[PDB]
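Written out below as structure tokens is the structure these notes cover.
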Amino acid sequence: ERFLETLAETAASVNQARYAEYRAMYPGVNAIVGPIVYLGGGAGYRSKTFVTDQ
RNA sequence: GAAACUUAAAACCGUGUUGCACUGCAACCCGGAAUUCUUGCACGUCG
């Protein structure tokens with residue numbers, strides 16, 4: 268329950284650490300900070316794991 | 001006084017249901033408690 272009250276916070280902290288720096292490598296893509304999550308197929312290998320190093 | 005079987009013959013027998021009437025019967029819950037439950041992205045990879 269205490270985790271669910273800070274759910275938009277951990278969704279933003281996992282956004283800046285997992286795929287904000289990977290998204291900024293490819294040109295023409297503008298980085299958003301967001302409470303961003305990923306859902307469903309076609310989302311990539313990075314969204315369905317917890318591996319850190321490239 | 002010594003000498004001559006109150007003897008012989010004759011089933012205590014014949015006939016006759018230990019028989020007649022009578023419910024091993026009346027009353028009684030195989031009943032009371034219990035989640036087919038616990039974990040699991042129809043998804044990953046592109047000369």
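The opening position of the first sequence corresponds to residue 268 in PDB author numbering, with each subsequent residue numbered one higher.
Using N, Cα and C, we set each Cβ at its ideal position, and we do this for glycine too.
Rounded to the nearest whole angstrom, the CA to CA distance from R285 to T319 is 7 Å.
The C-beta of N297 has fewer than 16 other C-beta atoms within 10 Å across all chains shown, which makes the residue exposed. DSSP, read as helix, strand or coil, puts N282 in helix.
For the pair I303 and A278, the CB atoms are nearer than the 8 Å cut-off. Ranking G301, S314 and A291 by CA distance to the CA of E276 puts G301 first.
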